[PDB]
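Structure at a glance
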Amino acid sequence: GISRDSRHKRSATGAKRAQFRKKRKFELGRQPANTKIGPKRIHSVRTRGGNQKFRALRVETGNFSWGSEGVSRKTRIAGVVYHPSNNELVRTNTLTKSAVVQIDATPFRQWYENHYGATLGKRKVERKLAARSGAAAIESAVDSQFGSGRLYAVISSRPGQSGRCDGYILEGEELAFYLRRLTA
Amino acid sequence: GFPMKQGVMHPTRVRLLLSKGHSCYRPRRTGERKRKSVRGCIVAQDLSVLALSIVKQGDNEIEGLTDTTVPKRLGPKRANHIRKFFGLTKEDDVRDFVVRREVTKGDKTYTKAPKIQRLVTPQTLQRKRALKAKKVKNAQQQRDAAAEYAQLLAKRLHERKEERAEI
Amino acid sequence: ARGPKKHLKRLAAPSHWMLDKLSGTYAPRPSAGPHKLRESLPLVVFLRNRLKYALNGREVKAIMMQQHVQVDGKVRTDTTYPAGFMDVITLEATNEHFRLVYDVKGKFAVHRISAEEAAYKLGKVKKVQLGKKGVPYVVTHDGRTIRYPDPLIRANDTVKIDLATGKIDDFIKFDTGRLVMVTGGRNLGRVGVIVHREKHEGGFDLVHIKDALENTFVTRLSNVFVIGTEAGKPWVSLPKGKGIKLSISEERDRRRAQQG
Amino acid sequence: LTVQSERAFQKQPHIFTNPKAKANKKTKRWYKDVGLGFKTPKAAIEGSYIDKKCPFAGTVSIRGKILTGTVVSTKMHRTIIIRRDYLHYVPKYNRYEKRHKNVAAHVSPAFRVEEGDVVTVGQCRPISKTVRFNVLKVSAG
RNA sequence: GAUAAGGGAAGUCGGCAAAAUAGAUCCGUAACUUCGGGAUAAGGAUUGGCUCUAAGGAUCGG
RNA sequence: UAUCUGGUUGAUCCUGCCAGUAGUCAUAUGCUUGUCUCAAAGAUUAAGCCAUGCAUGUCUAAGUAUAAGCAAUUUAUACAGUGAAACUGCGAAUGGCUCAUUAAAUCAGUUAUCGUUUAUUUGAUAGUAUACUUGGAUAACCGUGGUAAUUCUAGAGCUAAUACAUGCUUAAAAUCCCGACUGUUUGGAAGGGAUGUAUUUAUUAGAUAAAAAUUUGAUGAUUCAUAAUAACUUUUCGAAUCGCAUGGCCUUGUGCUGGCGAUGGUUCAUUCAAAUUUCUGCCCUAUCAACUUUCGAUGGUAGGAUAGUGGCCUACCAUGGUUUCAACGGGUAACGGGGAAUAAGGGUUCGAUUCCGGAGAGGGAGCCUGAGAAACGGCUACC
RNA sequence: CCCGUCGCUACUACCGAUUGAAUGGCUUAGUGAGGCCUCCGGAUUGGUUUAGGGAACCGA
Ligand SMILES: [Mg+2]
Ligand SMILES: [Mg+2]
Ligand SMILES: [Mg+2]
Ligand SMILES: [Mg+2]
Ligand SMILES: [Mg+2]
Ligand SMILES: [Mg+2]
Ligand SMILES: [Mg+2]
Ligand SMILES: [Mg+2]
Ligand SMILES: [Mg+2]
Ligand SMILES: [Mg+2]
Ligand SMILES: [Mg+2]
Ligand SMILES: [Mg+2]
Ligand SMILES: [Mg+2]
Ligand SMILES: [Mg+2]
Ligand SMILES: [Mg+2]
Ligand SMILES: [Mg+2]
Ligand SMILES: [Mg+2]
Ligand SMILES: [Mg+2]
Ligand SMILES: [Mg+2]
Ligand SMILES: [Mg+2]
Ligand SMILES: [Mg+2]
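Residues numbered from 1 in each chain as written, not as in the entry; some residues may be left out. Chains lettered and ligands numbered in written order. Part of a larger assembly, values for the part shown. Heavy atoms only, no water.

This entry, as listed in the PDB, derives from cryo-EM and reports a resolution of 3.1 Å.

Following this line, the structure appears as structure tokens:
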């Protein structure tokens, strides 16, 4: 069994430690989910204490939040474009935490147009919109992407732990950072 | 003597790890799994006996198989099962239609009938009423204990209001 | 080892139970309950070794299965129920009420009280915090959780519980001059007033306590139980001896004069 | 030395800087006091480094034992080794012998330590195979 | 000049003849020793095609 | 009892050992042996192998009874007393034995969990935006059996649940979003959705140095408790259960209400625990001086996994980490400690063994169930 | 008094061809049972259940 104990390692002085006891069940590990993109398939795992975990083996959509306006919508994920841990994860389009993905922009464009009245990519309702006006100008580098119809996002949930693939839309210098990293 | 297991497509024997819910095995303790040899699902010459079920009755009577019949040993026991099998609508009283098998102990005979399950009775309705009355009374006890604490807090806060003004 | 232990060796039982070595191999292992194992008193020990009502464990079980014994106003049928400090035991068949208070000699005294005092008990607040739906609550030393406490209550105070509604009758704030009984260490059972609290953050606060005989001792804050608002005014009756520790020479002289 | 020197973006968790805000374009910084009367260095209030294991801006907590020792190596990235000297009593000879133990502690960029300083380190949760302590105070040597 | 089931020197004075090994990269390498060797000791792993990535330079412009 | 005596020489004084002397909770053995109390006992060599028998099962008024079981006619033609066998629930992870492995390992004293899970016990905690009560299986049983053989089980006919899967019954407002119309200086609005609790994200309260030109908890300390917003979910559970009593209301009913109990259920706390964990402390050996780092060794970033921290594992990147204050290696006729023998004091020797901790059930390894096992009087595979 | 070859008897350890032998630990390389996760698979077995012979699509 996969074991997380530190006994099998050699000590800080470099001495090999002798075998103390048989592997115990309270230090087990399991195998990575390696979440892909495909029709949703989640398997439950019975964990210590009788609790439940959900392995997302394949998912298509997730709930992603646009932080500045504070609104979240569920949208499909197109693919993985960047992963700080392993490039084989980008190549196989494996969903893990902190993975950079492209998400569908329609729910956010629709919310934006209904809430502010402007477009992207580049009586009472009208009064509410006129009041909300002025705050409707967003950053150019984020606005330009809606023209391509795909937003950059990072997964925040842990799909191998909860079966969900949720995240937030990149903005500010974090967005500038991953654009520079991606383009190189 | 090894029995046949459905889905194993062989005329021979294979060894499987059988568990609870599998045929050809009865687990002795909870969670126990045994590796047992079982015969495939393909008919061959190595069978000592084959079990057959008559789907369509033939021409000639079978001596002890198609002429007689054995009544079912037990009647229905659940209330909705009594309603479904034969005899009544939801407004009928199931209590006096249950089949009772009478036993003969020498000279005096008495009847035995099953205990009906899922039968609505005044005790059942009393328990339902008790549960909902307790739930409502509890909800009121909680929301007035909360209201009383809100009075206590308002009094303390008012006292702290005058305390700051004084100091 | 692979799960919780269910036996208790006689030699490994708490010493303040005063069990004899040779009556057998095992001792009553207290059940899970309001009080910790080392600081509790099982009802079999209370009813058989102290009160001597039962001659053996079969008889104590016969006694308890007739619904006579009540702890904190509720009938208990668990023979190894972990009764503990300040708990009230009622035996209405004999019409007797006991309180489990430590005596100054370190053991649980059998301190009988009248029914009027047996109608309540005190509990030291271990923590106060907010529960679900934003309801604050206090957890006492016997594991009780009482919601909607007086907003002035903080940790280490002592509350007086109505014990029939589970509500708070009144409380004592932790401060200088309060009467205290010590519930741990070698000074177990002594009663005095707090003279000075010396705090040690990230560590253990220490409390300096002055006895009624002007004896001063120091103990950890976790072993301090406030039982009265000032000297000579305890909220519960003290056991015989009034929690005053005498040296062995004074005890020997007192015993000689009392018996001759 | 730059903060975004890794293949991943370095930032404090759950600290959100809203781009649609006022002209006060200063990156929001989170910090905490470790308690026990230890002062937060101003390099944490005014700095820009990101360290999840740092006592003041990270999620570790200081609890347990407080030890002092001499820094003997700064050749690891963000990790030091301190040396603790003590006297062991040998009852048979009614005398003592010098002994020492090496304890590995994490040092945040809010402190600058070189070999020879005497530091005070507080215990934290296990943050590595050999590192379980985290520097709280530095005295120049 | 080739191949050959199973065995593998039982053939023969004798392993005669044939077979097996073989290039390169990486790992590893004993007794003994005249300290130079033994040594390619012994004993192991890899090797194609295709699509990429990185490193290694020159001349001009202060 | 803080003690000494014989032995080298022809004789002497010394160094020095041999011998004598006493104890042993220290074993064996020889001889002898009347009484009372107390009482060790396959540790040493073989953690070698085992014939045979036993050591873990369990039912109350309160889960399931048509035994074709017993008993009596009784408040009873639904059952009602007693009661095998089975299904369901729980226990079997405790105990008992042994000390093989194990030398910073175990363990001892001392810490921490603001780094986690926790059956059970004990406290609290749920009005939430077909209903007089939902489904279809299955056991025991009967009768056809196959094998020499097992705690093997297969066809066929029934039939149950606190087993399995679904599903209503209900307060009063209030708040939020969209919003046709309308007022038309930005208000009013018909109509639609959403509110409990769990899960997963993202974003906000969660304050507290003393005068001039409204609330806000704890800690030494937190991104804590808790609350709110936007969404999300192969939708967790907000009782389709069981026993005794039968009370109260009369606008002529199997009407509406209700008393003491069993069990279960979400979350928080507690307890019994568990898992990691700080500091310091282990016998001999240098005829062991360098060890660790291919292929994790030390650290960083990101991830995966875990109940959770952590190179526990993966990817990328640095070259670190231990050591004459003895690392590393080797030996141990080594389970550790509380303790035991002997002892003026200081010490020397022993500690498998009545208590505590750890480990094992021929040797490894891998798992199911379960709160809890890498369990062996559980399973799977190899030797 | 006494020393050493040489000669006799007994015992102990050492060296010693045998690429001697046995047991245990660690380990390179090759093969690799079995469990677990995953991937399809779809024996048979219930109907989201629809249908005038029954042709679809849902679950296990
Ligand atoms: Mg051939
Ligand atoms: Mg061949
Ligand atoms: Mg050959
Ligand atoms: Mg020959
Ligand atoms: Mg020949
Ligand atoms: Mg010859
Ligand atoms: Mg020749
Ligand atoms: Mg030749
Ligand atoms: Mg050679
Ligand atoms: Mg070679
Ligand atoms: Mg290749
Ligand atoms: Mg002697
Ligand atoms: Mg033996
Ligand atoms: Mg045990
Ligand atoms: Mg015994
Ligand atoms: Mg990590
Ligand atoms: Mg021992
Ligand atoms: Mg031994
Ligand atoms: Mg033991
Ligand atoms: Mg085992
Ligand atoms: Mg020899």
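**Quick notes on the overall build of chain C**
Definition in use: Under the DSSP-based scheme used, a helix requires at least four consecutive residues in state H or I and a strand at least two consecutive residues in state E, with every element numbered from the N terminus. Only protein chains enter the accessibility calculation, which uses a 1.4 Å probe. A residue is then buried if its area is under 20% of the maximum for its type, exposed if over 50%, and partly exposed in between. Residue contacts follow a heavy-atom distance rule, with two residues in contact if any of their heavy atoms lie within 4.5 Å. Values of accessible area rely on a 1.4 Å probe in the Shrake-Rupley scheme; residue burial ignores everything except the protein chains shown.
Counting its secondary structure elements, chain C contains three helices and 18 strands. The principal-axis extent of the C-alpha atoms belonging to chain C is close to 60 × 50 × 45 Å. By residue count, 44% of the 260 residues in chain C fall in the buried class. In chain C, the proportion of contacts linking residues at least 24 apart, taken out of those at least 6 apart, comes to 46%. Surface accessibility of chain C: about 14,800 Å² in total, with carbon and sulfur atoms responsible for 51%.

**Topic: the overall build of chain A**
The criterion, for reference: When we talk radius of gyration, it's over C-alpha atoms, and the globule rule is simply 2.2 Å times the number of residues to the 0.38.
When its secondary structure is counted, chain A shows seven helices and seven strands. Helices and strands in chain A line up, N terminus first, as β-β-β-β-α-β-α-α-α-α-β-α-β-α. Relative to a compact globule of 184 residues, whose C-alpha radius of gyration would be 16 Å, chain A shows 22 Å and is clearly more extended. Considering only C-alpha atoms, chain A reaches an extent of 80 × 40 × 30 Å along its principal axes. Residue burial in chain A is summarised as follows: out of 184 residues, 32% are buried. When the accessible surface of chain A is split by element, carbon and sulfur atoms take 48% of a total near 11,600 Å².

**A short note on the interface of chain A and chain D**
What counts is decided by this rule: Throughout this description, the term salt bridge denotes a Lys or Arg side-chain nitrogen within 4 Å of a carboxyl oxygen of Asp or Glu. For this analysis, a polar contact is any N or O atom pair within 3.5 Å, provided that within protein one partner can donate a hydrogen and the other can accept it, and provided that sequence-adjacent residues contribute only side-chain to side-chain pairs. Residue polarity follows a fixed list, in which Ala, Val, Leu, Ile, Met, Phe, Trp, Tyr, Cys and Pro are nonpolar, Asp, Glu, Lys and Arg are charged, and the others, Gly among them, are polar.
Taken residue by residue, the interface counts 23 residues in chain A and 12 residues in chain D. Connecting chain A to chain D are zero salt bridges. The tally of links from chain A across to chain D stands at eight residue pairs in polar contact. By residue number, the principal contributor to the side of chain A that touches chain D is helix α7 (residues 172-183) of chain A, which donates five residues. Split into classes, the residues belonging to the side of chain A that touches chain D amount to 10 nonpolar, seven polar and six charged.

**Regarding the protein's contact with RNA strand G**
This is how it is decided: Residues are labelled near a given molecule or strand when at least one of their non-hydrogen atoms is within 4 Å of it.
As a matter of local geometry, RNA strand G sits amid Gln31(A), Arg41(A), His43(A), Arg58(A), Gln6(B), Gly7(B), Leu17(B), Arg33(B) and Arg35(B). Here, RNA strand G places atoms within 4 Å of the protein, and 91% of those atoms are sugar or phosphate. In the model, a phosphate oxygen of RNA strand G is placed 2.6 Å from a nitrogen or oxygen of the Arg41(A) side chain. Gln6(B) is positioned such that a nitrogen or oxygen atom in its side chain is 2.7 Å from a sugar or linking oxygen of RNA strand G. Grouping the amino acids of the surface near RNA strand G by side-chain chemistry returns one nonpolar, four polar and four charged.

**A look at the UniProt feature "domain: KOW" in chain C**
Our working definition: UniProt positions are given in the numbering used here, feature names are shortened, and annotations may be inferred rather than shown by experiment.
Residues annotated by UniProt as "domain: KOW" correspond here to residues 177-210 of chain C. For the annotated span residues 177-210 of chain C, helix accounts for 0% and strand for 50% of the residues, and the straight-line distance between the end C-alpha atoms is 9 Å.

**Looking at the sheet that holds strand β4 (residues 71-82) of chain A**
Put simply, the rule reads: A pair of strands counts as paired when DSSP detects no fewer than two bridges linking them. Axis definition: a line fitted to C-alpha atoms, over the contacting stretch in the case of helices. Angles run 0 to 180 degrees between N-to-C directions.
Read once around its circumference, the closed barrel built from five strands follows the order β3-β4-β5-β6-β7 (chain A), with strand pairing classed as mixed. Each adjacent strand pair in this sheet contributes to an overall mean axis angle of 50 degrees, direction not counted.

**Regarding the nonpolar core**
Here is the rule: Throughout this description, the term nonpolar core refers to a set of buried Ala, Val, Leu, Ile, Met, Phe, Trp, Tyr and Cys residues connected via side-chain atoms within 4.5 Å.
Core analysis: the biggest nonpolar cluster contains 39 residues, and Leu43(C), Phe85(C) and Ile89(C) have the highest contact counts within it. Here this core takes five residues from helix α1 (residues 43-50) of chain C, the largest share from any one element. The contact partners of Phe85(C), leaving out residues within four places of it in the chain, are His35(C), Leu100(C), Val101(C), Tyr102(C), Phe108(C), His141(C), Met181(C), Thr183(C) and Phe225(C). The next biggest cluster of nonpolar side chains, apart from the first, holds 35 residues, and it includes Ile77(A), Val90(A), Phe108(A) and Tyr178(A).

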